[PDB]
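Down below is the structure, laid out as structure tokens.
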Amino acid sequence: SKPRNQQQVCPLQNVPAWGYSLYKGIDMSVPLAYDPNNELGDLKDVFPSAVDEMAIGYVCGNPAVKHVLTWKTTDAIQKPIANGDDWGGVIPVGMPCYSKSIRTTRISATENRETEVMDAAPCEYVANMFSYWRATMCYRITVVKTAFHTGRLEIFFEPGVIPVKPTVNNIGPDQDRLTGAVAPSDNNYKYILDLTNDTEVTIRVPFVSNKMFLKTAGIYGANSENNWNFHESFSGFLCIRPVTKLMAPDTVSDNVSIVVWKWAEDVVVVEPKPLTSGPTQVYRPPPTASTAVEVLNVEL
Amino acid sequence: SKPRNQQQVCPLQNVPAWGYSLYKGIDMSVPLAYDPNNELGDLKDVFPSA
Amino acid sequence: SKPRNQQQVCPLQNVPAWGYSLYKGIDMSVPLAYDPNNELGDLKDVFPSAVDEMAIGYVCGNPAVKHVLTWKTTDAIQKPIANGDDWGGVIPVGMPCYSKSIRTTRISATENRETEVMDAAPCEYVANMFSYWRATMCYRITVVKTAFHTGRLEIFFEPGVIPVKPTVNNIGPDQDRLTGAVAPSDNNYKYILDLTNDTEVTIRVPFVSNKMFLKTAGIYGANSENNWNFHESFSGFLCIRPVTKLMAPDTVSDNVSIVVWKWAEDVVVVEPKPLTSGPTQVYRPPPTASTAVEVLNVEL
Amino acid sequence: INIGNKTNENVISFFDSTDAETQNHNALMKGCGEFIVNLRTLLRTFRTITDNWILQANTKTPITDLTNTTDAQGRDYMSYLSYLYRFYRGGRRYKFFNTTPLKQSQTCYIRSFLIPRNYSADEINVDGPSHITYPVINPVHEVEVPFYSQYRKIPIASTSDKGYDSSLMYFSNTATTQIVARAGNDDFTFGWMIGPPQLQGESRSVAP
Amino acid sequence: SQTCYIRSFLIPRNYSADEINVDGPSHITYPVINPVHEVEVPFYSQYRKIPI
Amino acid sequence: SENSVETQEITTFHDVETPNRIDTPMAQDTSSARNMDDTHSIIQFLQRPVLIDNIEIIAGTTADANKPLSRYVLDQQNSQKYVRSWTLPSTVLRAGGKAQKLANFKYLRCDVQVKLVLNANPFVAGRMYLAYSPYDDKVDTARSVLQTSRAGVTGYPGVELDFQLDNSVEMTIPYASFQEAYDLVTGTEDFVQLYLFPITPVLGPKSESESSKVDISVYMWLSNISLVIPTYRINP
């Protein structure tokens, strides 16, 4: 009635929390509850939407304004809008960030701290988490005009290397190379919108550049020194330059506005780690300009 | 998708080589080979008797 | 509702990484990924071949030139080509290496370093990994002749011990024993090719020598001292010696070329460790002859 | 008989007792048991690439500080078949065997992370998919790097591009000397065959 | 004051210490956590049987 | 009246109405240039063989063109000696006026053909080997063709190049890069890098004033091409 043991010797390895960084597999976390079958309900009557609000098809499908342009009669034709934006007329196609503003405080009489502050579209904000991306971009360019402004406006794609200006702390585009008659727009994919009665256009740009995935570095640490990752992150740029000059009477104003929206469809990503040389630090606005921000460091 | 653990606590005794002096039972000796299914042939054509 | 434990006491042995040197069995390596079911695709559209490029039936089925012979009118008949090759006319049948070149540098005024450098056919290069071999060899002997060179050329097998010359650092074959009228070719398996219009021949030599597997030592450490492993590694030699002398007019040149190709079909091997007294060190060519090569040693 | 040349290819054979493929099964069934066919199967066995790797205490060390050295030698099966091929795809499983004279006045532990290839120490972050072991209770670090690449395949020792697939970062706390062994993962395979380079023999170094 | 460990390898029969390499099918145990070294040598021979 | 969106090759417009377009009364056919040749597409145009190189060998030989393949390569100074080096596809694209016909494109997916027309007298023998090695001047030093032994050189893919048996070879060098679809603007392509090695030295009568020539020529053209993205640049 008490026989001997017939089972073999079960081999062993002592690994507490084996593979904890995976979203699948039964985990040994002890619930501090009354019931082991602790089951919360479904998503009914809790969040007042019925849309599944966390899929990347919906999070990155959220439109955000990137640029607000001022297109003048002073500005020439066949040349993008150079406004001190500084990107403005040259919008880089691609999901991660491309712009930055620099906050300069003081520490001592001869030392300062230059903290890079980036804007974040919701397509951009997801891509900072992941390392390599692949996404079909979208842009909805809208002219804010009166009933009387007319003209013809051209938006053309260009694949590959974006013309730049490396500076000590930022990268600006180079409108010396996109003018003329030195860079024609006769072979690129283009769209010629009409300001007579047409207003909006959505320009879907699918993903084509010689690699399976680009990088999500973008503008982080992009300067005169380290600017390889900025080139290998976009597959080129849209460019908004006017074919025909703005025709406006003296009654209406000579300035119109071009609002560039942005999102990304069909988004797929690769690794759940940031490719940047720093953790995902969310910028908290200081109360007074004399105060600085705590910096996350890389020791363990 | 990552539920909690439902299995009981498996009891334990640390006995390396439990019952090694028996001709039956699966033994934990590691083969120093390429294949875990290391199978020599039968006794055909090796020893010149049958 | 909370009953007592009914399972027996599971026995235990603490062996981390039990049997790691086996290509089968589930291994406990933690993936550093997002998904436990991390599945790469199949081999479609990645490598631009459709041939399975790693099977030993294909890796060792890759033809390589071993010898380039110069057969002259000066050279006699019924005697192999002794050219300072030094093997040349006596090609040992067998999969591992048989030749070596010695690199002599300087260390001090009276000490040198003699590093053995071997050539590597792809049939030879696989066999250095494994210890014991068994393979059906192949050889494709091609005469590089003009339209006017004729003659009769004999290739005959011989099973067993190859005649040798042990030296201080290398083993050369012995053409004093393969000449005559002291070593006939009337009972061996042979082929008598004709240089009139026939050019090529492929001479498949299956595996026959009194053992289930030979050794893959070959020429490593083969000298006056340690030359047992060289004898127990080949099952003999082919021998290319001419029946009838080369007949060439004064217009065409008196030198023809005999190119000996080599591969091995139906290859089977035994152990995944090198039988040699050293690790598998791949020879890296130094930039300048005064520089030496780092040597792998045997401590742990 | 005329002045000219032909090709007339002849596969003529020597000894023809039995079919070759039949005797090879009978020869391995009495001498081996194991029947080695495909070299893809030898990229699954962990051969030890080093015997000693004295890592300085508290330093996030990339394995490329050892991989650039140990892909030259071809001691294992990954770097010995790095010469018969040109491209590769698939992740590299790593195992780390502790060989340290441990000290009781510390709590020794081991981390691991990801970097893309050929980056240096400080130019990468640390929050990523991790793994942790404690060498007092578990001397083996059982880690597999996946295949997270921009390109479908990778050539060996590429150009000035960098950070195009992922590899390992190895962080400890104490000066742990170890053994490192490796092989490719379940879907690691080479391709695009070329011919093989040379080999190196014995270096006894006689005086004259 | 030491970390004791045990290796194991293969040699063919009756060779001496230094005349063989070390990269082969291995096994490793740690006698602080596992006093038993559980090793099986296979039968990798040239001949079908061996006399004593 | 509202919907005027027309489509050219790669170009779209956006007007208020269809701008009252007039055209030909009847499109009658005219002069017969269509009846003299069919139109050659741009994928048809990058399949024309070009005369690249014209290699002459005399045996001889004082020069490097008949140094035979070394049995061993012991050091990088005494590297493997060859005839010519074609660094594909940067040779085949520049020659034959092809690069001035694939301007204003971006990405290319080609397969380079290589043919050797050969024409030598019957009184001369010898044999060569036409090996290609991808990334041959990008990989580490020991892995190139120029550093391995004679058995390692010949083990690379290629074809025999005997005189009296082969007056023409057909080798298909595949699309052998890791990058999808070769870049053209700011191009540093040089993926597969071809070679030509003599195995045996070229043999002829040792008395001179006889002129034992060889006279190899090389033809290359692309195949299975796909040329996709339009741009405004190009490298000169």
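Please note that chains go A, B, ... in the order of the structure tokens, that every chain numbers its residues from 1, and that ligands are numbered from 1 in the order shown.
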For a quick test of understanding: name the residues of chain A lying within 12 Å of chain E when counting only C-alpha atoms, and present them as JSON, numbers by chain.
{"A": [11, 12, 13, 14]}
Rotate and translate chain A onto chain C via least squares on all in-order Cα pairs, then write the result as a tab-separated table (two decimals) with C-alpha atoms, in the first residue's frame.
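What landed in result_22.tsv:
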chain	number	residue	atom	x	y	z
A	1	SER	CA	-12.11	23.73	-0.95
A	2	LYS	CA	-8.42	23.85	0.04
A	3	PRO	CA	-7.50	20.14	0.29
A	4	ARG	CA	-4.15	18.60	1.23
A	5	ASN	CA	-1.32	17.70	-1.11
A	6	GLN	CA	-1.69	14.35	-2.88
A	7	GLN	CA	1.41	14.36	-5.16
A	8	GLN	CA	4.54	12.39	-4.24
A	9	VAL	CA	7.92	13.93	-3.48
A	10	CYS	CA	9.53	14.82	-6.81
A	11	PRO	CA	13.25	13.85	-6.66
A	12	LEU	CA	15.85	16.39	-7.69
A	13	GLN	CA	19.28	17.00	-9.13
A	14	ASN	CA	20.70	20.51	-9.54
A	15	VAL	CA	22.20	20.50	-13.04
A	16	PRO	CA	22.13	23.89	-14.77
A	17	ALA	CA	22.42	23.46	-18.56
A	18	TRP	CA	22.10	19.67	-18.60
A	19	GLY	CA	23.53	18.43	-21.89
A	20	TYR	CA	24.22	21.67	-23.73
A	21	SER	CA	26.38	20.13	-26.49
A	22	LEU	CA	23.48	18.41	-28.32
A	23	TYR	CA	21.58	19.75	-31.33
A	24	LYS	CA	18.22	18.37	-30.05
A	25	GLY	CA	16.28	18.92	-26.86
A	26	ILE	CA	14.58	22.00	-25.50
A	27	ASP	CA	17.13	24.52	-24.19
A	28	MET	CA	16.57	27.02	-21.36
A	29	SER	CA	18.08	30.10	-23.07
A	30	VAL	CA	15.93	33.14	-22.29
A	31	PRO	CA	14.98	35.18	-25.34
A	32	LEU	CA	15.44	38.93	-24.93
A	33	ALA	CA	12.37	39.72	-26.96
A	34	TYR	CA	8.72	40.77	-26.77
A	35	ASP	CA	7.12	37.45	-27.81
A	36	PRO	CA	7.91	33.92	-26.53
A	37	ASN	CA	6.74	32.51	-29.89
A	38	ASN	CA	9.52	34.34	-31.73
A	39	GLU	CA	9.41	32.73	-35.16
A	40	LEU	CA	11.60	33.83	-38.05
A	41	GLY	CA	10.31	32.89	-41.49
A	42	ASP	CA	11.43	30.09	-43.77
A	43	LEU	CA	14.32	30.34	-46.29
A	44	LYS	CA	12.21	31.99	-49.00
A	45	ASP	CA	13.59	35.05	-50.86
A	46	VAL	CA	16.58	35.47	-48.55
A	47	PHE	CA	19.50	33.61	-50.02
A	48	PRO	CA	19.45	33.89	-53.82
A	49	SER	CA	19.85	30.11	-54.29
A	50	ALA	CA	17.25	27.38	-53.87
A	51	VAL	CA	19.86	24.68	-53.18
A	52	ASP	CA	20.16	23.68	-49.51
A	53	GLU	CA	23.64	25.14	-49.08
A	54	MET	CA	24.79	23.44	-45.85
A	55	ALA	CA	24.35	19.67	-46.34
A	56	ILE	CA	27.66	17.79	-46.41
A	57	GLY	CA	26.49	16.20	-49.68
A	58	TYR	CA	26.75	19.72	-51.13
A	59	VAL	CA	29.57	21.31	-49.10
A	60	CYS	CA	32.03	18.48	-49.82
A	61	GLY	CA	30.63	18.18	-53.37
A	62	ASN	CA	32.51	21.33	-54.33
A	63	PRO	CA	35.38	20.84	-56.80
A	64	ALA	CA	38.82	22.29	-56.03
A	65	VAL	CA	42.14	22.19	-57.86
A	66	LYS	CA	44.88	20.42	-55.92
A	67	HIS	CA	47.79	19.91	-58.31
A	68	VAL	CA	49.05	21.52	-61.50
A	69	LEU	CA	51.51	19.22	-63.24
A	70	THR	CA	54.10	19.87	-65.93
A	71	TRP	CA	54.58	16.81	-68.12
A	72	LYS	CA	57.67	17.10	-70.33
A	73	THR	CA	59.45	15.19	-73.07
A	74	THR	CA	62.47	15.13	-70.72
A	75	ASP	CA	60.47	13.02	-68.23
A	76	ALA	CA	60.74	9.25	-68.69
A	77	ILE	CA	57.99	6.63	-69.04
A	78	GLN	CA	56.63	4.19	-66.43
A	79	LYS	CA	57.64	6.64	-63.70
A	80	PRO	CA	55.47	9.26	-61.96
A	81	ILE	CA	56.03	12.98	-62.43
A	82	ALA	CA	58.67	14.02	-59.88
A	83	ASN	CA	58.67	17.80	-60.08
A	84	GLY	CA	59.47	19.15	-56.60
A	85	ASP	CA	55.71	19.57	-56.21
A	86	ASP	CA	56.47	17.34	-54.16
A	87	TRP	CA	53.44	15.02	-54.24
A	88	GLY	CA	52.40	15.78	-57.79
A	89	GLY	CA	52.25	12.37	-59.43
A	90	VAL	CA	51.26	10.54	-56.28
A	91	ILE	CA	47.90	11.92	-55.14
A	92	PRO	CA	46.77	10.23	-51.91
A	93	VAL	CA	43.14	9.17	-52.11
A	94	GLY	CA	41.36	10.36	-48.98
A	95	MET	CA	39.39	13.28	-47.65
A	96	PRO	CA	41.70	15.13	-45.17
A	97	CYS	CA	44.76	17.20	-46.09
A	98	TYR	CA	48.09	15.80	-47.23
A	99	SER	CA	50.23	18.85	-48.03
A	100	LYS	CA	51.82	21.64	-46.04
A	101	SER	CA	54.07	24.65	-46.46
A	102	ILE	CA	56.34	25.85	-43.70
A	103	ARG	CA	56.72	29.50	-42.72
A	104	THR	CA	60.08	30.32	-41.13
A	105	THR	CA	60.38	33.62	-39.26
A	106	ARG	CA	62.94	34.80	-36.68
A	107	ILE	CA	62.63	35.41	-32.94
A	108	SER	CA	66.20	35.64	-31.65
A	109	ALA	CA	69.68	35.18	-33.15
A	110	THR	CA	69.43	31.37	-32.85
A	111	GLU	CA	65.69	30.55	-32.49
A	112	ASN	CA	63.00	30.41	-35.19
A	113	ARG	CA	59.33	29.49	-35.50
A	114	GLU	CA	58.14	27.01	-38.13
A	115	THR	CA	54.38	27.32	-38.58
A	116	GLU	CA	52.68	24.69	-40.71
A	117	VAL	CA	50.36	26.26	-43.29
A	118	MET	CA	48.03	23.87	-45.11
A	119	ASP	CA	45.94	24.27	-48.22
A	120	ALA	CA	42.24	23.51	-47.87
A	121	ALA	CA	39.93	21.91	-50.37
A	122	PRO	CA	36.29	22.20	-49.23
A	123	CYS	CA	36.29	18.42	-48.78
A	124	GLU	CA	39.42	18.89	-46.64
A	125	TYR	CA	38.08	21.90	-44.74
A	126	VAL	CA	35.03	20.09	-43.38
A	127	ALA	CA	37.09	17.04	-42.36
A	128	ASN	CA	39.28	19.10	-40.01
A	129	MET	CA	36.22	19.60	-37.78
A	130	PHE	CA	35.48	15.88	-37.48
A	131	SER	CA	37.64	13.06	-36.15
A	132	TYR	CA	36.89	9.91	-38.16
A	133	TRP	CA	35.72	9.87	-41.78
A	134	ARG	CA	34.34	7.61	-44.51
A	135	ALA	CA	33.76	8.93	-48.01
A	136	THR	CA	33.66	7.92	-51.66
A	137	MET	CA	36.33	10.10	-53.25
A	138	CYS	CA	36.36	11.68	-56.70
A	139	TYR	CA	39.03	13.13	-58.99
A	140	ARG	CA	38.65	14.84	-62.36
A	141	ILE	CA	42.01	14.75	-64.14
A	142	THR	CA	42.14	17.13	-67.10
A	143	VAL	CA	44.94	17.46	-69.64
A	144	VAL	CA	45.60	21.01	-70.85
A	145	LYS	CA	46.88	20.20	-74.33
A	146	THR	CA	46.88	21.75	-77.77
A	147	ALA	CA	45.29	20.21	-80.87
A	148	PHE	CA	48.58	18.44	-81.67
A	149	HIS	CA	49.79	16.78	-78.45
A	150	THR	CA	49.07	13.03	-78.27
A	151	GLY	CA	50.07	10.16	-75.97
A	152	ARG	CA	48.76	7.59	-73.49
A	153	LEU	CA	48.52	8.38	-69.78
A	154	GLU	CA	47.91	5.88	-66.98
A	155	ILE	CA	46.24	6.46	-63.63
A	156	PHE	CA	46.25	3.46	-61.30
A	157	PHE	CA	45.04	2.97	-57.75
A	158	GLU	CA	47.05	1.27	-55.02
A	159	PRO	CA	45.53	0.35	-51.64
A	160	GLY	CA	47.42	0.61	-48.36
A	161	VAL	CA	50.70	2.19	-47.25
A	162	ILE	CA	51.98	5.10	-49.33
A	163	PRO	CA	55.77	5.19	-49.90
A	164	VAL	CA	57.18	8.21	-48.07
A	165	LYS	CA	60.33	10.11	-47.10
A	166	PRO	CA	60.33	11.30	-43.48
A	167	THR	CA	62.25	14.56	-43.13
A	168	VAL	CA	62.82	16.91	-40.16
A	169	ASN	CA	59.59	18.85	-40.82
A	170	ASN	CA	57.58	17.28	-43.67
A	171	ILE	CA	56.81	14.03	-45.47
A	172	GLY	CA	57.60	13.73	-49.18
A	173	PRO	CA	56.72	10.80	-51.44
A	174	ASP	CA	59.41	8.40	-52.62
A	175	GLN	CA	59.78	8.18	-56.42
A	176	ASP	CA	62.64	5.67	-56.06
A	177	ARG	CA	60.09	2.95	-55.24
A	178	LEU	CA	57.45	3.87	-57.87
A	179	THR	CA	59.81	3.75	-60.87
A	180	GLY	CA	60.67	0.60	-62.88
A	181	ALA	CA	60.16	-2.41	-63.35
A	182	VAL	CA	60.38	-2.46	-59.54
A	183	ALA	CA	56.72	-1.52	-59.07
A	184	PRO	CA	54.57	-2.85	-61.93
A	185	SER	CA	51.08	-1.58	-62.75
A	186	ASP	CA	49.63	-4.79	-64.19
A	187	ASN	CA	47.41	-5.92	-61.30
A	188	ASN	CA	46.06	-2.60	-59.99
A	189	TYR	CA	42.79	-0.98	-61.08
A	190	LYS	CA	43.81	1.45	-63.83
A	191	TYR	CA	42.61	3.74	-66.60
A	192	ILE	CA	44.58	4.43	-69.76
A	193	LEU	CA	43.53	7.79	-71.15
A	194	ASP	CA	44.28	8.88	-74.71
A	195	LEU	CA	45.54	12.38	-75.52
A	196	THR	CA	44.55	12.17	-79.22
A	197	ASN	CA	41.04	13.57	-78.85
A	198	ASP	CA	39.92	12.56	-75.35
A	199	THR	CA	40.71	15.18	-72.72
A	200	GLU	CA	38.99	14.68	-69.36
A	201	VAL	CA	38.23	11.77	-67.07
A	202	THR	CA	36.54	11.48	-63.67
A	203	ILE	CA	37.88	8.63	-61.56
A	204	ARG	CA	35.56	7.75	-58.69
A	205	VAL	CA	37.35	5.76	-55.98
A	206	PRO	CA	35.07	4.15	-53.39
A	207	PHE	CA	36.17	3.47	-49.83
A	208	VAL	CA	37.93	0.14	-49.14
A	209	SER	CA	40.46	-0.40	-46.37
A	210	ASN	CA	39.81	-2.96	-43.61
A	211	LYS	CA	38.24	-0.49	-41.12
A	212	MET	CA	34.92	1.24	-40.72
A	213	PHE	CA	36.41	4.76	-40.59
A	214	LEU	CA	39.84	6.29	-41.22
A	215	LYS	CA	41.29	9.29	-39.34
A	216	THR	CA	41.26	12.99	-40.17
A	217	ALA	CA	44.77	13.82	-38.93
A	218	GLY	CA	46.36	13.86	-42.38
A	219	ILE	CA	49.54	15.93	-42.41
A	220	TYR	CA	49.24	17.72	-39.03
A	221	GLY	CA	52.42	16.96	-37.07
A	222	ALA	CA	53.60	14.49	-39.72
A	223	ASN	CA	57.40	14.18	-39.59
A	224	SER	CA	60.24	11.79	-38.69
A	225	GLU	CA	58.92	11.49	-35.11
A	226	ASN	CA	55.11	11.25	-35.30
A	227	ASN	CA	53.97	9.51	-38.49
A	228	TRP	CA	51.54	6.79	-37.47
A	229	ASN	CA	48.43	8.87	-38.15
A	230	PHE	CA	49.55	9.68	-41.69
A	231	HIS	CA	49.58	6.00	-42.64
A	232	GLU	CA	46.18	5.28	-41.06
A	233	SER	CA	44.32	8.03	-42.94
A	234	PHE	CA	44.10	7.41	-46.68
A	235	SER	CA	43.67	3.89	-48.08
A	236	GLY	CA	46.51	4.45	-50.53
A	237	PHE	CA	47.11	6.63	-53.54
A	238	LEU	CA	46.38	7.28	-57.17
A	239	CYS	CA	49.47	7.44	-59.35
A	240	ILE	CA	49.75	9.25	-62.67
A	241	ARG	CA	52.61	7.80	-64.68
A	242	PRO	CA	52.83	7.78	-68.46
A	243	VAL	CA	52.70	4.61	-70.52
A	244	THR	CA	53.88	6.31	-73.71
A	245	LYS	CA	56.07	9.42	-73.89
A	246	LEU	CA	54.73	12.82	-74.99
A	247	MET	CA	54.89	13.30	-78.77
A	248	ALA	CA	55.02	17.03	-79.58
A	249	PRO	CA	56.32	18.85	-82.68
A	250	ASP	CA	58.64	21.85	-82.43
A	251	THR	CA	55.81	24.33	-83.17
A	252	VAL	CA	53.68	23.58	-80.11
A	253	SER	CA	55.26	23.67	-76.66
A	254	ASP	CA	56.82	20.62	-75.01
A	255	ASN	CA	55.03	21.26	-71.68
A	256	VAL	CA	51.44	20.23	-71.07
A	257	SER	CA	49.45	20.70	-67.91
A	258	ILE	CA	47.58	18.13	-65.85
A	259	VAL	CA	45.08	19.68	-63.44
A	260	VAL	CA	43.87	17.39	-60.66
A	261	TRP	CA	40.49	18.34	-59.22
A	262	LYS	CA	39.11	16.86	-56.00
A	263	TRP	CA	35.87	16.34	-54.13
A	264	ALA	CA	34.15	13.68	-52.03
A	265	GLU	CA	30.68	12.17	-52.35
A	266	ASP	CA	28.57	10.19	-49.84
A	267	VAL	CA	30.49	11.68	-46.94
A	268	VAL	CA	29.82	10.48	-43.40
A	269	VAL	CA	31.73	11.57	-40.29
A	270	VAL	CA	31.85	10.45	-36.67
A	271	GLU	CA	32.72	12.90	-33.96
A	272	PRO	CA	32.36	16.63	-33.78
A	273	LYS	CA	35.85	17.23	-32.35
A	274	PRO	CA	39.25	17.67	-34.01
A	275	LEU	CA	41.56	14.67	-33.71
A	276	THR	CA	44.62	16.92	-34.11
A	277	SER	CA	46.85	18.08	-31.25
A	278	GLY	CA	45.64	21.68	-31.57
A	279	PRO	CA	42.44	23.70	-31.96
A	280	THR	CA	40.96	24.60	-35.33
A	281	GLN	CA	43.09	27.69	-35.91
A	282	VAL	CA	42.42	29.36	-39.25
A	283	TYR	CA	45.60	30.77	-40.76
A	284	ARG	CA	45.47	34.55	-41.10
A	285	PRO	CA	48.09	35.89	-43.54
A	286	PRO	CA	50.39	38.43	-41.85
A	287	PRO	CA	50.93	41.83	-43.52
A	288	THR	CA	54.74	41.71	-43.33
A	289	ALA	CA	57.00	38.63	-43.13
A	290	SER	CA	58.70	39.88	-39.93
A	291	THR	CA	55.40	39.55	-38.01
A	292	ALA	CA	54.29	36.29	-36.39
A	293	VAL	CA	50.92	34.65	-35.71
A	294	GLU	CA	49.22	34.23	-32.32
A	295	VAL	CA	49.16	30.59	-31.22
A	296	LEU	CA	46.21	28.97	-29.43
A	297	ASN	CA	47.30	27.02	-26.35
A	298	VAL	CA	45.73	24.17	-24.38
A	299	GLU	CA	45.13	25.48	-20.85
A	300	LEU	CA	41.61	26.19	-19.59
Select, as a VMD selection string, those residues of chain D with any atom no more than 8 Å from chain B (distances computed using only C-alpha atoms).
chain D and resid 29 to 34
Just-selected residues, N, CA, C and O atoms written as a PDB file, in the first residue's frame:
ATOM      1  N   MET D  29      25.780   2.366 -38.034  1.00  0.00           N
ATOM      2  CA  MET D  29      24.923   1.717 -37.053  1.00  0.00           C
ATOM      3  C   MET D  29      25.740   0.868 -36.070  1.00  0.00           C
ATOM      4  O   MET D  29      25.253   0.545 -34.988  1.00  0.00           O
ATOM      5  N   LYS D  30      26.971   0.512 -36.444  1.00  0.00           N
ATOM      6  CA  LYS D  30      27.857  -0.270 -35.588  1.00  0.00           C
ATOM      7  C   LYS D  30      29.054   0.509 -35.053  1.00  0.00           C
ATOM      8  O   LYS D  30      29.744   0.017 -34.162  1.00  0.00           O
ATOM      9  N   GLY D  31      29.303   1.703 -35.591  1.00  0.00           N
ATOM     10  CA  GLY D  31      30.413   2.549 -35.162  1.00  0.00           C
ATOM     11  C   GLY D  31      30.030   3.869 -34.518  1.00  0.00           C
ATOM     12  O   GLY D  31      30.778   4.380 -33.697  1.00  0.00           O
ATOM     13  N   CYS D  32      28.885   4.434 -34.894  1.00  0.00           N
ATOM     14  CA  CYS D  32      28.459   5.737 -34.384  1.00  0.00           C
ATOM     15  C   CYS D  32      27.168   5.683 -33.601  1.00  0.00           C
ATOM     16  O   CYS D  32      27.135   6.013 -32.420  1.00  0.00           O
ATOM     17  N   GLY D  33      26.097   5.298 -34.287  1.00  0.00           N
ATOM     18  CA  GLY D  33      24.739   5.544 -33.829  1.00  0.00           C
ATOM     19  C   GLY D  33      24.251   6.850 -34.424  1.00  0.00           C
ATOM     20  O   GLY D  33      23.247   6.876 -35.147  1.00  0.00           O
ATOM     21  N   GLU D  34      24.964   7.933 -34.127  1.00  0.00           N
ATOM     22  CA  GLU D  34      24.600   9.255 -34.641  1.00  0.00           C
ATOM     23  C   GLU D  34      25.024   9.428 -36.100  1.00  0.00           C
ATOM     24  O   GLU D  34      26.126   9.035 -36.489  1.00  0.00           O
TER      25      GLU D  34
END
Could you tell me which residues of chain D sit within 6 Å of chain C when counting only C-alpha atoms, and give me the result as a ChimeraX atom specification?
/D:3-6,10-14,38-39,44-46,51,73-75,129,142-145,196,198-203,205,207-208
With 10 Å as the limit and counting only C-alpha atoms, what residues in chain B lie close to chain C? Please list them as a VMD selection string.
chain B and resid 8 to 18 28 to 37
Filtering to C-alpha atoms, could you give me those residues as a PDB file, in the first residue's frame?
ATOM      1  CA  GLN B   8       0.435  23.729  -6.827  1.00  0.00           C
ATOM      2  CA  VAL B   9       3.768  23.825  -5.018  1.00  0.00           C
ATOM      3  CA  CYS B  10       5.791  20.829  -6.213  1.00  0.00           C
ATOM      4  CA  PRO B  11       7.549  19.263  -3.175  1.00  0.00           C
ATOM      5  CA  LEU B  12      11.253  18.542  -3.365  1.00  0.00           C
ATOM      6  CA  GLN B  13      14.129  16.388  -2.206  1.00  0.00           C
ATOM      7  CA  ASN B  14      17.702  17.010  -3.354  1.00  0.00           C
ATOM      8  CA  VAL B  15      18.999  13.541  -4.237  1.00  0.00           C
ATOM      9  CA  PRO B  16      21.615  13.519  -7.008  1.00  0.00           C
ATOM     10  CA  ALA B  17      21.817  10.052  -8.618  1.00  0.00           C
ATOM     11  CA  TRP B  18      18.810   8.558  -6.839  1.00  0.00           C
ATOM     12  CA  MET B  28      20.777  11.214 -15.854  1.00  0.00           C
ATOM     13  CA  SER B  29      24.207  10.526 -17.408  1.00  0.00           C
ATOM     14  CA  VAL B  30      24.951  13.188 -20.018  1.00  0.00           C
ATOM     15  CA  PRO B  31      26.086  11.802 -23.365  1.00  0.00           C
ATOM     16  CA  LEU B  32      29.127  13.545 -24.830  1.00  0.00           C
ATOM     17  CA  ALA B  33      27.831  13.235 -28.357  1.00  0.00           C
ATOM     18  CA  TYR B  34      26.154  15.097 -31.211  1.00  0.00           C
ATOM     19  CA  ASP B  35      22.719  13.404 -31.049  1.00  0.00           C
ATOM     20  CA  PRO B  36      20.534  12.745 -27.971  1.00  0.00           C
ATOM     21  CA  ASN B  37      19.004   9.737 -29.782  1.00  0.00           C
TER      22      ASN B  37
END
Within 6 Å of chain D, which residues of chain E come that close, and what is the closest atom pair and distance in Å for each? Count only C-alpha atoms and give it as a tab-separated table.
residue	atom	partner	partner_atom	distance
E:1	CA	D:101	CA	5.9
E:2	CA	D:101	CA	4.3
E:3	CA	D:101	CA	4.7
E:44	CA	D:32	CA	5.3
E:45	CA	D:31	CA	5.3
E:48	CA	D:30	CA	5.7
Let's see if you can do this: from backbone DSSP, list all alpha helix (DSSP H) residues in stretch 87-194 of chain F, as a PyMOL selection string.
chain F and resi 150-154
Set the cut-off to 10 Å and count only C-alpha atoms: what are the residues of chain D that reach chain F? Output as a VMD selection string.
chain D and resid 3 to 7 72 82 to 87 150 to 160 192 to 199
Pick out the chain E residues within 6 Å of chain B. Count only C-alpha atoms. Give them as a list in words.
residues 25, 38, 39, 40 and 41 of chain E
Output file for the selection above: C-alpha atoms, as a compact mmCIF listing (two decimals), in the first residue's frame:
# COMPACT_ATOMS: atom_id res chain seq x y z
CA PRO E 25 31.53 17.80 -26.67
CA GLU E 38 26.84 12.43 -14.66
CA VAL E 39 28.80 11.62 -17.80
CA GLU E 40 28.39 9.04 -20.56
CA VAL E 41 31.07 8.39 -23.16
